[PDB]
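Report on the following structure.
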Amino acid sequence: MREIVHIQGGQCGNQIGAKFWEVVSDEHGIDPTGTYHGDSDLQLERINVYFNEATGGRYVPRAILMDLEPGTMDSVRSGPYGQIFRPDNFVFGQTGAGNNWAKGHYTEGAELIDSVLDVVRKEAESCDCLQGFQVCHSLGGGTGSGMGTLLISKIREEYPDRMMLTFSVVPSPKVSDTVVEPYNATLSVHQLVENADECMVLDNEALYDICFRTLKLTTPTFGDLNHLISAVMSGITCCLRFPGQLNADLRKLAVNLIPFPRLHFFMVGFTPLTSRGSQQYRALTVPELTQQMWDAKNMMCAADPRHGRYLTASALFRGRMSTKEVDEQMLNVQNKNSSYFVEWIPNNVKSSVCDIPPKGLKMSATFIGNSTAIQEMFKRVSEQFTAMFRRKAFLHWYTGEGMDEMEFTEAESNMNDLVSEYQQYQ
Amino acid sequence: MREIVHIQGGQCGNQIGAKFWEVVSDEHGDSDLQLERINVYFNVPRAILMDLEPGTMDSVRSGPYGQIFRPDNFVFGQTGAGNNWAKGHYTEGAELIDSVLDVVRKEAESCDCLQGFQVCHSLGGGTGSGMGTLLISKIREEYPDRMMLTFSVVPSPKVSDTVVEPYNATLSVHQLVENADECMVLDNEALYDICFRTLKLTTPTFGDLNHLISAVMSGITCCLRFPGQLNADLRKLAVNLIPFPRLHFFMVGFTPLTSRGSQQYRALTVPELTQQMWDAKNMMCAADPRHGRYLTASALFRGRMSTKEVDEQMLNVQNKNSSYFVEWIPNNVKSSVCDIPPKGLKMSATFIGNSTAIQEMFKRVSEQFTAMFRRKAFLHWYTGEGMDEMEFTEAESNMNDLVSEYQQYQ
Amino acid sequence: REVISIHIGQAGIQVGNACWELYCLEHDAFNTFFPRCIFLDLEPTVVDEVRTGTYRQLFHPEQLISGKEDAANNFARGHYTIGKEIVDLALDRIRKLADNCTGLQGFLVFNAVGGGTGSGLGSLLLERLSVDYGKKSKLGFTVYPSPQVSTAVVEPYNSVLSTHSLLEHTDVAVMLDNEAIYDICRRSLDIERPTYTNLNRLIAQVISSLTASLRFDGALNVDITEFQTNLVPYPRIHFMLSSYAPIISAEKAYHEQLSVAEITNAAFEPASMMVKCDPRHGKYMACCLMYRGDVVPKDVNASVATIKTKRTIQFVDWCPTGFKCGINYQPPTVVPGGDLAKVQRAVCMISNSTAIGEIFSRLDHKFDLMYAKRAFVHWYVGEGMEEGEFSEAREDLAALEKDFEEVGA
Amino acid sequence: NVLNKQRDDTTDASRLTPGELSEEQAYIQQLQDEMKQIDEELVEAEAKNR
Amino acid sequence: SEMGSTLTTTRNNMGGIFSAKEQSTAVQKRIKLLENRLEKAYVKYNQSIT
Ligand SMILES: Nc1nc2c(ncn2[C@@H]2O[C@H](COP(=O)(O)OP(=O)(O)OP(=O)(O)O)[C@@H](O)[C@H]2O)c(=O)[nH]1
Ligand SMILES: Nc1nc2c(ncn2[C@@H]2O[C@H](COP(=O)(O)OP(=O)(O)O)[C@@H](O)[C@H]2O)c(=O)[nH]1
Ligand SMILES: Nc1nc2c(ncn2[C@@H]2O[C@H](COP(=O)(O)OP(=O)(O)O)[C@@H](O)[C@H]2O)c(=O)[nH]1
Ligand SMILES: [Mg+2]
């Protein structure tokens, strides 16, 4: 029916998506060789959203891997569920950006994104009625930020009346891998404010604290973080793949959650998330799900909403549940903590239910809250960017490649008006 | 009943035809449908090998499927041409073509109702191009009312084997524009590019290229050999693609073509065949069709397919690319369906497009021809054999007025 | 199909003594050689070394022709006085060698133009072969004297007087110097002290690589009639630079990664030409590339593309398709005691350009200086010549210089 | 001898220097013009559809 | 000495050995990109027409 193509950029995007296709294929019962082995008819009836039957029970994922280094692509086909992707979908450069956003947006982008667009165009016309596009990338890298950024801009010029998601991890001062993170973040977000339909703000700090306290893991490699992110992404699209009492497509959530067109950066959470010592001691009820859902520490972004107010919030529930519990729980969590919600919008929480849980659990949830606390992140990177730019450090790879001085001044100005308009609407 | 006799000239023609008789023999073999339509290519194959260097004939008997030709059909000289069109057309032809005409007449009258003759040769070599050219002329004045096919490879500046390629190509096309009913233009540049991009081979020897050309030749004559929901013989396609009697140089493409790594990851449907069929990167000629317009187009399909899908898909490809087709002809596309696929597939397709971008190659060769002929390089090896100066001027004139009528109709 | 080989002089039959050793060591494919040869010389010393050598029984006794006394570095003596009694016996044998044959591709002649026998009776043999057969090809692989390395004194007189007939008698003429080959053995083969034997061994490699197309079946075969068209754009311009790759030792060969792309390059640098001349001064008229062994047509095709797109070397404005390729399957053989290692694939390039126009101009001054004072002329005139043919051979090379300059423009 | 060696290298260096490709730059210029023509052609057609 | 100086300045003027091929191959690839882009723009216009 409605179809979503998948686009993974850079190293972070590629590895996030690899675990994503593994988890999804397990939900629909496709083995790593790409054949159907499920039992229920509910699994076979909605695999056209993410796959195409090739020949004789061969279901291939509708995904496009794109980056600038061969190591990532080889690491995809090596691991399991690596043999399911069509090899033509490996659009692929060779030289590399080197964490230089200009090289990802002006130097190397000019020779790859045309090739990327051919594969993307083929995957859009391969399906009938597009629901939207799904892009997983970072904001601190070069080949994920710049390459994915220019791709997003060109795509919105081609298919403008279609939805678009960008799952993006953002950098933070405590988890600081690259040195030019602020230059990449502020310019990348400057493009996201005018191109993306809605963006989902992620960051690595929150992922580390989820695996520290909630999951109580000892050695949380990147496989577990990608495992966490994949559960959230599968949750946002369960409504398209399984029937339920209250369905909510991507368009339904965006039109309902975004009160003003430029304010489309979200904070995400997921429930339930429990450690192996406490997976036995818990119950599975809607209120138990709700408090662990709205918890401050359980946000999958390191921006505490309790420093500000909620504008809108959304809940996507999965499993056999009673809709009265759904509605009364949203009403109670809004009445006790009444100051944390915006005032000139009553009933700031939209909720929906789907009748198919993730495999291995009786009942789960997914939270999408559009709060006003996100301006902290924009200031936290803006001051670092201004601190660097007022002495032109690290600028010659930017100005020597094609940027001028006015682009950084444009970035600050757009940065400053967005944090100012967040401040007004709060 | 309806009959096609085969002629193979030169080293290029002989090795292509050897692969061609491998795939046809394998095609005619369980099913009784295979036995009813073997008179078209068999009586031993209805073929005549023809060359001047015994290495090619020995190479034919050495390989498998080399012991099935009748040794009397190995009509064959001994001295050799040497990439000299004048030698291939005036000296060595004068004593071997009489012999080939004996054997060709015996192979033609052996059957009841000829459909046509089928010649496979080159346009750069001497004994392939020139002798096969003279052969075509002798055949045209004896049998005028029969069909004629010539699969001819044309040289490119990017695949430049010999030094006198333009001197041979220009003269060869000077005879093709009057003698052959229609021709399917091929080249090695597009073939090598196809095996790189679509087939993704690392070591594309001539066996692969000759296998690709063979698949096309098998595809064009499937309608005679097998029953279909919509039959189109050779004469039917000719009248549907040729608007004017001299505009009979075609470009060819074959589908489906996928690398062995992606053979099981892909789907096989009529929309999927049409996307690869109309792909400009899938023509087997180095003439980008988007540099001009299409006069007409034809698609021959094999396999159990729904005819409605065929007609609606062709209408779509004509509506979407509406600038690339000629205006005074609506519905530029001829289609046909046969129910028997080639061995190893379920559903295949063959594209023949008569476009006006082919004038690029003819103009592309003339500048090399004019470059050499301006200051008379390499000319004595042709002149001292019997040719005169007015032959090159005549050949150049026909090249120029040919690209003009494409330019005119474009 | 067979082709017979004639060898003249001290240099000719020593080259043949190595060439035939390679042919027997290499071998129905033999039919083109098995020998169909003739050695002939005026001094009996080198021919009768073969008569008692290891290949006593291999050669039929009559084949080895030998005169009574030498021409002694005297073109006139070896062309007018002593040639007149031996040349008739030689060519009246070669005829019955051709009557033994049925599909004669041609003859191939080996001679050095510096001497009297290689030069004098070389031209004399050529003149009666041209009037007797005319149409059949005669490939002449000659050895011209080097500019600075030299063994004789009167060799300018011989080289000019020999060339005047090498123009209009031979069909395809390959130059080979000694300094260039000495440089090859010094540079690539790292042999610091080479002798004539090593030179003759790698000369045989070139000959074998251009006849292997007749002997063995390849992907793209090429006969002797093919070189006749594809490399000589004018009836009097047939003088070919030669090259070979990879000329490499036994240890270096394993270390390096021989392939098709780099050997197509290596066959084009002036550090690997068989004639001491710099083709950077000239413009290539045509090139011919014989590939032996493990060759697919793609990489040879890709290699000629890179050469055309380079700008370190240029072509004439006339030829966009300035190449002739050729591929054969059997790899080159090795000789025990030889210095060339076994290779999967090798390339012998034969080109034509205007760099050759420099060697004739260089030759002119040395001949001109000696002739002006009439040095050594009394030897040749008393032999039977006059001042007429000295001056007229001089003006023939003057015409050839203007010819190359005109065609090169 | 060394002067001749140096002179050849200069002539080689002068040959290698990149030279403007007239037959190709004009193609690029002509391609952009047709591109811009089609953009304006496209906007009128979109107006017609509304 | 003067010829050596001219050699060094000409050597600096060529902008490197590999410079000519890169500029040549870049403009050729640019030709291909405009051709590809022109096709997609034509398709949109003709689709609009129908
Ligand atoms: N490559 C090569 N060149 C040789 C060899 N022997 C002699 N030459 C060349 O031959 C030239 C002189 O001619 P020779 O062959 O030695 O003697 P000739 O040609 O028989 O003439 P006569 O001395 O009169 O008998 C010299 O310039 C040498 O360069 C050889 O073994 N190999
Ligand atoms: N969740 C997750 N994040 C990653 C992984 N690898 C790298 N990152 C993040 O990516 C950022 C650096 O971006 P990088 O991988 O260089 O992006 P790219 O070069 O554009 O592909 C760091 O802040 C990391 O937190 C991974 O396997 N999982
Ligand atoms: N596709 C294909 N082309 C070939 C083959 N053999 C030769 N050619 C082409 O034929 C041309 C040379 O033809 P040539 O051998 O001179 O023909 P002939 O001398 O008249 O027999 C070259 O451009 C080759 O690309 C082959 O087996 N397959
Ligand atoms: Mg001697």
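Chain B is numbered as in Swiss-Prot; the shown residues are, in order, 1-29, 39-52, 60-426.
According to its header, the structure was obtained by electron microscopy, 3.3 Å.
Cβ atoms are placed via backbone N, Cα and C, with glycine included.
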Checklist entry - Given Swiss-Prot annotates B:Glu69, B:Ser138, B:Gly142, B:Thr143, B:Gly144, B:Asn204, B:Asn226 as GTP-binding, which of B:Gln11, B:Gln279, B:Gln280 belongs to that site as well? => result B:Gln11
Next on the checklist: What are the sequence-distant neighbours of B:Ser138 (GTP binding site), meaning same chain, six or more residues apart, C-beta distance under 8 angstroms?
Outcome noted: B:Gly10, B:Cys12, B:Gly13, B:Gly144, B:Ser145, B:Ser168, B:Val169
Checklist entry - Within 10 angstroms of the C-beta of B:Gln11 (GTP binding site), what count of other C-beta atoms is obtained when all protein chains are considered? => result 22
Checklist entry - Considering all pairs of residues in B:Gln11, B:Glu69, B:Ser138, B:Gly142, B:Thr143, B:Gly144, B:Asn204, B:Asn226, annotated in the record as contacting GTP, what is the maximal C-alpha distance expressed in whole angstrom? => result 22
Checklist entry - In which DSSP state, out of helix, strand and coil, do we find B:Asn226 (GTP binding site)? => result helix
Item to check | Close in space, distant in sequence - B:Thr143 (GTP binding site), Cβ under 8 Å, 6 or more apart | outcome: B:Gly9, B:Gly10, B:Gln11, B:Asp67, B:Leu68, B:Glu69, B:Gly93, B:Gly96, B:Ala97, B:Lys103, B:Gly104, B:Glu108
